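Structure, as structure tokens:
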Amino acid sequence: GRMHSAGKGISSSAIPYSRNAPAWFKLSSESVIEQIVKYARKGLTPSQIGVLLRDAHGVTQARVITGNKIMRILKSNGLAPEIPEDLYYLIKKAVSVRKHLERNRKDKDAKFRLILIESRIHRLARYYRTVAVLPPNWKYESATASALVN
Amino acid sequence: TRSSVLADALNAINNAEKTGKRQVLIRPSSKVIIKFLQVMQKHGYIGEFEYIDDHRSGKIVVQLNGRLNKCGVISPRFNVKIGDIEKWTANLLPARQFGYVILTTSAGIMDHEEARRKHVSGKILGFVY
Amino acid sequence: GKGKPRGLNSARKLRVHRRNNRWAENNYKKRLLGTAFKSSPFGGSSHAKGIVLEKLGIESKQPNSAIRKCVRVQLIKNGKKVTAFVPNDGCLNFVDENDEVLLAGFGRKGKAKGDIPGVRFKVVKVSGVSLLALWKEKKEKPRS
Amino acid sequence: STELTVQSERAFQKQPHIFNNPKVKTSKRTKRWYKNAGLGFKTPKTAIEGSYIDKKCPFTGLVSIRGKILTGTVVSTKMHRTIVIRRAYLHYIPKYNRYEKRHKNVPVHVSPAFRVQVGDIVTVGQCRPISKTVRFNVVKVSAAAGXXXXXXXXX
Amino acid sequence: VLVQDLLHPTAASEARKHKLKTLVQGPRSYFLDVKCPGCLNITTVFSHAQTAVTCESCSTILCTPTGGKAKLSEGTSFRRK
Amino acid sequence: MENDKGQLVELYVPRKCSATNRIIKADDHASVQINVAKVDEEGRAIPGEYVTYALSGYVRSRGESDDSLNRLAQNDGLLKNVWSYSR
RNA sequence: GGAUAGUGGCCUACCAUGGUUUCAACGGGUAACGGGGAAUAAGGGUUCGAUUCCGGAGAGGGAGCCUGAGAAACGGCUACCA
RNA sequence: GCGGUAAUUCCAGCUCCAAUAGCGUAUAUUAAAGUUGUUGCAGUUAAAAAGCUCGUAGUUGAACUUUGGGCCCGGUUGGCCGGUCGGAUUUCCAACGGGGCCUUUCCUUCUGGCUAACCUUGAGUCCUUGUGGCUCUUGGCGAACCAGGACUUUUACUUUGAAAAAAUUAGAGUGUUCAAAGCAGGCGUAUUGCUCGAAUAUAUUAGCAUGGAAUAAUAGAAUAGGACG
RNA sequence: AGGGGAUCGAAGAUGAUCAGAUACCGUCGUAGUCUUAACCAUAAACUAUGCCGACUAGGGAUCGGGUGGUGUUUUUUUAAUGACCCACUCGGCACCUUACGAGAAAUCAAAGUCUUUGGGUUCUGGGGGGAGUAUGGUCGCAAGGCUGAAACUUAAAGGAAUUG
Ligand SMILES: [Mg+2]
Ligand SMILES: [Mg+2]
Ligand SMILES: [Mg+2]
Ligand SMILES: [Mg+2]
Ligand SMILES: [Mg+2]
Ligand SMILES: [Mg+2]
Ligand SMILES: [Mg+2]
Ligand SMILES: [Mg+2]
Ligand SMILES: [Mg+2]
Ligand SMILES: [Mg+2]
Ligand SMILES: [Mg+2]
Ligand SMILES: [Mg+2]
Ligand SMILES: [Mg+2]
Ligand SMILES: [Mg+2]
Ligand SMILES: [Mg+2]
Ligand SMILES: [Mg+2]
Ligand SMILES: [Mg+2]
Ligand SMILES: [Mg+2]
Ligand SMILES: [Mg+2]
Ligand SMILES: [Mg+2]
Ligand SMILES: [Mg+2]
Ligand SMILES: [Mg+2]
Ligand SMILES: [Mg+2]
Ligand SMILES: [Mg+2]
Ligand SMILES: [Mg+2]
Ligand SMILES: [Mg+2]
Ligand SMILES: [Mg+2]
Ligand SMILES: [Mg+2]
Ligand SMILES: [Mg+2]
Ligand SMILES: [Mg+2]
Ligand SMILES: [Mg+2]
Ligand SMILES: [Mg+2]
Ligand SMILES: [Mg+2]
Ligand SMILES: [Mg+2]
Ligand SMILES: [Mg+2]
Ligand SMILES: [Mg+2]
Ligand SMILES: [Zn+2]
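Residue numbers (the deposited numbering), protein chains in the order written: chain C3, 2 to 151; chain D2, 2 to 130; chain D3, 2 to 145; chain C1, 2 to 156; chain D7, 2 to 82; chain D1, 1 to 87.
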């Protein structure tokens, strides 16, 4: 475990047994759903949404009170982004790293990390590409990613 | 990454029995794991197990005695042609009078003798003595 | 599991890898290159006939000490120059230069006998009558 | 592959011994002919509808299918009216008692009564020697496309 | 050791164990209903904010995030469920 | 290990550590045989009547002779509490 | 279309740019005819098969052919090289 | 490893061993060899882990989708009897398997051809106080496969079988006087013929054919271009 | 190829030392050492120990993170802080003690769960010299890197531990 690093720390959530509930939680599917869509419209990541609804709001697992993964909700409301979020953040990072390399050609470690990042980006790309979500022609390139994110 | 669920299971059992104990916590329990344990039990090389359900893949708690030497898995589930069964048994069974080779056939997960009676074949899962 | 791919379809990798590693096996190596048929004074065959060039006295290796009576033979089918041996006492008498010996291996798969440096063959016959018989007065050397 | 033109050759293209009488005022101009191949591969509607000729068509042509019937997953359509499939299998070496991934590429003829792209699984059947290498001909498409229009733009 | 209950272990040694090494894994974080008597209403908050939770109307504060749990802001009360 | 007809053949059916239920064999001169005698009405230890246990050399070595004794004896009466089947 | 006993780039004509390949194409080596088989006996293997049966190739090397149902025949012919 | 002056190795005489119409020697090869390693090796220091990380081919890859329960049918061995004039089958019995059902349960699907089977029953009854038992047509079983139409997600494994030269090999029968072999030969009225044979096994990878539904894949409905009518 | 060039300092010159002394020690000191632009790609590049995962046994330290407290000390008016104390939990660099077990042993929580021999996977080795040589191919500006034989010879080389 932990592919590019030699790190090995385990660090996941522990999801509750109670697949429904909280029982003490009021509101409605209506409520939280509405919340999701609004925040979405504020331009948020489905994750940003999950957290923002975990803390301030009393939404333990948005998928439980509404049998629908947050992302699926956003798609089913037209809010689905061009490319998945993880890939977005990978790419964004890559771009910034690149910028730093161009500014700093004397930096080897950056060349490294860039390679790494990029290679995750490509494996992942191939994945999504394989399950319909991205066109079998999709490809990451430096020139074009530059704009792809911003 | 976790390769043969069966293998981690079996190895845990044997390491326990070797280390003297009577109970093992095995993770993470597959249908095949169960069938293996069901055969082992059915021929009394272990006692009673319990499929604890987390909402994941599960756990099993095996209560085992001490009358078990080695139970083991064959890593590449080789195909066996109804006559090569004899050969396998020969290779890994301590004698001709006990200890079962357990395999996967079209008529189920079963020990080599039960398979011998029902007269069906397929791949090989492992063995118990 | 140490190295070897245990998979059920890695059959290729296995056959191939074996071949590849048999190439370190000495007899495999010689049997495929054809070292037998290329090098080697004999053609790759059990014996070979030839002609005496000079009679030799080879200084024996250590920690022994003697003088080991041999013959330089030129292989009839081959022209290859071979320095070979005349075993038992006497025997070097039966030869005499230009004679037509019949040569054999020493039983080491190449490789010298004992304290005889460089000798990979011993003499079997001469003039078509064999040492043994000559040595034990059972036969007698031919005329010319 | 054909598409368009039908009469696009130095020679006239037509079915053999299928006289259409001009003296008689027909409603379909060209009288056509066809069959069904056998074994239960419906002679598809595209064949009877169409206008093409190809005397190598198993349904409108004069080449009978018999012998091996094989499937295979098409990987080449760059050859006019003929394609190459890669039939795959696992071969059993006895010493190691295992298998290795093997494959072979058969060139088959394919009547325009089937539209095919690369990916589509196909079911072909042996006919007489058609070309230098074509010993088979396309008889069923057990596929369609593999979700190309379910790879569309965005919301 | 050598003989022990795997099935029913003390909710005391289970207590100190890691959240995934419990006999069935579940969280160890909680919720609280927080009040700062400046206004009338109380707000749900998750034990581990990250998002420094602001109040329902008044731009006050409530809790600032840290490594683990949120340090609740100043003069507030709360209740766990 | 009888035979064809009845006859119990092959000597020496060995002990067995009633702890692991593995076999206590000859050159386990690290093994143990514990005699706990049957008491009776008010003290009085009754010679010539023991509830007896077996302890394999393995176990004693591993140190587990004590805890497994506690359990073994208790579940057969002569201990009240002390040992807890859970931890 | 021509040719064939007949399919087929077998050949010709026009037309196109295709076919094979790390799942090893292509090339090289074989003191290489392929099999039924032989030898070595825990098994799994390893080595071998020119050679009584089956199939194939040739008749010093090639090429060409007449006769015929059937041969590119050689105990047939024609030419070249030896 | 013996021989440089009393040689248990040479050259012989004596005697003794091993194999014996055979025995030595050279070369090759197979066993010993777990020194080629799938089974089955080895890599800290003895031979051997690339300086390091990414990474395509290749090999590999978590868990989860009809489980459980009830009834019916009839087989093959084994026991306790044997009824019988060495083998027999019923009832009693376990035991091991094969098949079909009902449980919310496609079995591709219609359109007739067929029906072998009972929810039937129409009489009643050979006979142990009767569901022990089958002959038996008039309402009521599908699937057993005919053949015609309409369609079918892809595979791996495994089962049985078809198709399959002889000679080899394993092997049965037979007293070539034995045996290697051979496929002969054996019975009398040996005066006018009687007759057993010339088996079986392997045959594997592929291809065809058939049962299986575990294990491992593969495809399916998400911009609903879904599912049945 | 520019810059720089204090320091130590291959080469070279020396004073001695020696029988000799092309060295050890002393002196002078060139290239270098440092830096930019570009190559080279090797080290005992060392844990002489592949990567992912499972299981198997004790002990106190310590780095990071976190949790738990009417713990200590910080005074101000109690806190709040910070540092510290103690328990516990993930993940680090190591040590200890054992050894069920492993090994030829020295030793080893992996070098264990292997004739009771199969979780997945990459690589390398098959007596010693010949020899990392010859050859081809390829990379490099060069010095050289990678790929990498055979003829021949040879009965021991070799490892760990014991006694001298
Ligand atoms: Mg992990
Ligand atoms: Mg990786
Ligand atoms: Mg984390
Ligand atoms: Mg080498
Ligand atoms: Mg000379
Ligand atoms: Mg074309
Ligand atoms: Mg033709
Ligand atoms: Mg092509
Ligand atoms: Mg040849
Ligand atoms: Mg051959
Ligand atoms: Mg031959
Ligand atoms: Mg020849
Ligand atoms: Mg001959
Ligand atoms: Mg001929
Ligand atoms: Mg000749
Ligand atoms: Mg001729
Ligand atoms: Mg002649
Ligand atoms: Mg002739
Ligand atoms: Mg000439
Ligand atoms: Mg003497
Ligand atoms: Mg003598
Ligand atoms: Mg095997
Ligand atoms: Mg073995
Ligand atoms: Mg070895
Ligand atoms: Mg070494
Ligand atoms: Mg590389
Ligand atoms: Mg799986
Ligand atoms: Mg049944
Ligand atoms: Mg100097
Ligand atoms: Mg000098
Ligand atoms: Mg190196
Ligand atoms: Mg520890
Ligand atoms: Mg604290
Ligand atoms: Mg240990
Ligand atoms: Mg043991
Ligand atoms: Mg010597
Ligand atoms: Zn407020």
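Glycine included, C-beta positions come from ideal geometry on N, C-alpha and C.
May I ask which residues mark the beginning and end of the alpha helix (DSSP H) holding residue i?
i	result
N27 (chain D3)	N27 to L34
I66 (chain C3)	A63 to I66
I110 (chain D2)	Taken as a continuous stretch (DSSP letters only), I110 (chain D2) belongs to no alpha helix (DSSP H), being part of the beta strand (DSSP E) at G109 to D112.
residue 1 (chain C3)	Nothing can be reported for residue 1 (chain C3): it is not among the residues displayed for chain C3, which extend from 2 to 151.
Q75 (chain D3)	Where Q75 (chain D3) is concerned, there is no enclosing alpha helix (DSSP H), although the beta strand (DSSP E) it sits in stretches over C71 to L76.
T131 (chain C3)	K109 to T131
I74 (chain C3)	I71 to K76
What does residue i touch in chain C1 if you count any residue whose Cβ is under 9 Å from its own?
i	result
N10 (chain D3)	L91, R99, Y100, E101 and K102
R16 (chain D3)	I94, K96, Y97 and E101
Beta-carbon of residue i versus every beta-carbon of chain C3: anything under 8 Å?
i	result
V46 (chain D7)	yes
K70 (chain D7)	no
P28 (chain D7)	yes
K82 (chain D7)	yes
For residue i, go through chain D1 and note every residue whose CB falls closer than 8 Å to its CB, in chain order.
i	result
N15 (chain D2)	Going along chain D1, no residue has its Cβ under 8 Å from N15 (chain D2), so there is no contact; the nearest lies around 14 Å.
Are the C-beta of residue i and some C-beta of chain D7 separated by less than 8 Å?
i	result
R22 (chain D1)	no
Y18 (chain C3)	yes
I35 (chain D2)	no
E18 (chain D2)	no
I47 (chain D2)	no
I86 (chain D2)	no
Quick one: does residue i have its CB under 8 Å from some CB of chain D2?
i	result
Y58 (chain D1)	yes
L24 (chain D7)	yes
Going along chain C3 in order, which residues have a C-beta closer than 9 Å to the C-beta of residue i?
i	result
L21 (chain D7)	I11, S13 and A15
Using the beta-carbon of each residue, which ones in chain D7 are nearer than 8 Å to residue i?
i	result
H58 (chain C3)	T45
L26 (chain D2)	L7
Quick one: which chain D2 residues come within Cβ less than 7 Å of residue i?
i	result
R19 (chain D3)	Those within 7 Å of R19 (chain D3) in chain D2 number zero; the least Cβ separation is about 17 Å.
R7 (chain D3)	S76 and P77
Give the residues of chain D7 in contact with residue i, contact being defined as C-beta atoms less than 7 Å apart.
i	result
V52 (chain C3)	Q51 and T52
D55 (chain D2)	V25 and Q26
Report the neighbours of residue i on chain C1: residues whose CB is nearer than 7 Å to its CB, in chain order.
i	result
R13 (chain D3)	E101
Using a C-beta to C-beta distance shorter than 7 Å, which residues of chain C3 count as neighbours of residue i?
i	result
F32 (chain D7)	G59
What is the residue span of the beta strand (DSSP E) that residue i lies within?
i	result
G73 (chain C1)	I70 to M80
residue 220 (chain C3)	Here chain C3 covers residues 2 to 151 and nothing more, so residue 220 (chain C3) does not appear.
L33 (chain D7)	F32 to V35
Counting only C-beta atoms, is residue i closer than 8 Å to chain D1 at any point?
i	result
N80 (chain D2)	no
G67 (chain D2)	yes
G21 (chain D2)	yes
Taking only runs of the alpha helix (DSSP H) that begin and end inside the stretch 7–43 of chain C1, which ones reach a length of at least 4 residues, in chain order? Secondary structure remark: continuous alpha helix (DSSP H) runs of at least 4 residues inside the stretch 7–43 of chain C1: none found.
List, from N- to C-terminal side, the alpha helix (DSSP H) runs of 4 residues or more that fit wholly inside the stretch 85–110 of chain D3. With a minimum length of 4 residues, the continuous alpha helix (DSSP H) runs that stay inside the stretch 85–110 of chain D3 are 93–96.
Sequence ranges, beta strand (DSSP E) only - wholly within the stretch 17–55 of chain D2, length at least 3: Segments of the beta strand (DSSP E) lying fully in the stretch 17–55 of chain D2: 24–27 and 49–53.
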